[PDB]
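Enquirer: Take this structure first; my questions come after.
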Amino acid sequence: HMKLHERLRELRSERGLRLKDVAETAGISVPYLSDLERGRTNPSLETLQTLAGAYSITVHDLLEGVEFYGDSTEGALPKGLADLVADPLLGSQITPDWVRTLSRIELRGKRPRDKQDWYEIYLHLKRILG
Amino acid sequence: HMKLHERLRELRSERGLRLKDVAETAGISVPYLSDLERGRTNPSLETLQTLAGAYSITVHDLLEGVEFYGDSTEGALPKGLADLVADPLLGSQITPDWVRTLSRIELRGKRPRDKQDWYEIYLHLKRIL
Ligand SMILES: [Li+]
Ligand SMILES: [Li+]
Ligand SMILES: [Li+]
Ligand SMILES: [Li+]
Ligand SMILES: [Li+]
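Chains as they are written, first to last, in this note's numbering: chain G, 1 to 130; chain F, 1001 to 1129.
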């Protein structure tokens, strides 16, 4: 179920549903569904809502466990700073302006990689500045 | 409880980034990113994973807490039976043929609607067999 098309057939397969059942429910043809399940074509977001509705799950729950492969895009923020922002428990009090300030920090193409490290930088910087 | 374009706006807004920071990194134009955040147009899956990469999160995590209003499709299975199959802890060993057998059961156009009820039906039916 790691690939999206593999997950789609898994949902149908584990429920023991025939292609026509899912297709008639989703208002789409068996050949189109079959193409989606084989990965020949890529579903649109609207198609995912309908497929997820057929399986009585949310799109977010449908995409659970799905790896999208594809090309890789470098993150806008450093991973440690991004993870800190992503973590609700740690760095929640950090204002958006501070995230921008921290983002500019970088050393010689080398940056500290721990979310905890970025939190300490913020605390020390916030004490000195602001 | 949140719309997709609202979530995209929130991600950039909480990080304090500018459209151009995300856009140049994402490899998409500032106007297109603006349209995505406004809700004017819908991103493809390929574009969505690019945005997720810009925010250093998974597509699954990006869509956490996002609500889609578009669909009205009914479920292929009963809600209770579907919840049972969806739950990994409950009825993990239930075979697909058993799911199909169970799906045919309905009474007077009504069903129990509870995952626990479906599991108990399965346990007893399996025991008779
Ligand atoms: Li499917
Ligand atoms: Li068909
Ligand atoms: Li769409
Ligand atoms: Li959904
Ligand atoms: Li992803």
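Backbone N, C-alpha and C define an ideal beta-carbon position, used for all residues, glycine too.
Let me confirm a value: F:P1031 is counted as buried when at least 16 other C-beta atoms fall within 10 Å, else exposed. Which label applies?
Expert: By the 10 Å Cβ count, F:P1031 comes out exposed.
Enquirer: Taking any Cβ of chain F, which residues in the stretch 13-44 of chain G have a Cβ under 8 Å from it, in chain order?
Expert: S13, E14, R15, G16, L17, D21, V22, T25, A26, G27, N42, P43, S44
Enquirer: Please write down, chain order preserved, every residue whose beta carbon lies under 7 Å from a heavy atom of ligand 1.
Expert: G:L8, G:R9, G:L11, G:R12, G:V22, G:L33, G:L36, G:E37, G:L51
Enquirer: What I want to know is whether the C-beta of G:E67 ends up closer than 8 Å to one or more non-hydrogen atoms of ligand 5.
Expert: yes
Enquirer: Excluding the five sequence neighbours on either side, which residues of its own chain have a C-beta within less than 6 Å of the C-beta of F:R1012, listed in chain order?
Expert: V1022
Enquirer: Using the rule of at least 16 other Cβ atoms within 10 Å of the residue's Cβ for burial, across every protein chain shown, is G:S103 buried or exposed?
Expert: buried
Enquirer: Residues bridged to G:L107 by DSSP?
Expert: G:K110
Enquirer: Between G:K79 and ligand 2, is the CB less than 8 Å from at least one heavy atom?
Expert: no
Enquirer: Any idea if F:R1127 is buried or exposed, counting beta-carbon neighbours within 10 angstroms, 16 or more meaning buried?
Expert: exposed
Enquirer: Quick check: what's the CA-CA separation for F:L1008 versus G:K115?
Expert: 22 Å
Enquirer: By a C-beta neighbour count over all protein chains shown, 10 Å radius and 16 as the cutoff for buried, is F:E1010 buried or exposed?
Expert: Under this definition F:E1010 is an exposed residue.
Enquirer: For G:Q93, would you say it is in contact with chain F, using Cβ-to-Cβ distances shorter than 9 Å as the test?
Expert: no
Enquirer: Cβ of F:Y1055 within 9 Å of Cβ of G:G75?
Expert: yes
Enquirer: Verify the contact flag: F:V1085, CB atom, against every heavy atom of ligand 2, threshold strictly below 8 Å.
Expert: no
Enquirer: How would you call F:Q1049, buried or exposed, if buried means at least 16 neighbouring beta carbons within 10 angstroms?
Expert: buried
Enquirer: For a contact meaning CB atoms closer than 9 Å, what does F:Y1122 contact in chain G?
Expert: Result: empty, since nearest Cβ-Cβ is about 13 Å, beyond 9 Å.
Enquirer: Can you give me the C-alpha to C-alpha distance between G:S34 and F:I1057, rounded to a whole angstrom?
Expert: 30 Å
Enquirer: According to DSSP, is G:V22 helix, strand or coil?
Expert: helix
Enquirer: Just to confirm the assignment: which complete alpha helix (DSSP H) runs, minimum length 4, are found wholly within the stretch 1016-1095 of chain F?
Expert: 1019-1026, 1030-1038, 1045-1054, 1059-1062, 1079-1086
Enquirer: Among G:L19, G:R100, G:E46, which one has its Cα closest to the Cα of F:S1072?
Expert: G:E46
Enquirer: Looking at F:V1085: is its Cβ nearer than 9 Å to the Cβ of G:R15?
Expert: yes
Enquirer: Return yes when at least one heavy atom of ligand 5 lies under 8 Å from the C-beta of G:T73, else no.
Expert: no
Enquirer: If we define contact as Cβ-Cβ less than 9 Å, is F:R1113 a contact residue for chain G?
Expert: no
Enquirer: Please state whether the Cβ-Cβ distance between F:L1063 and G:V59 is less than 9 Å.
Expert: yes
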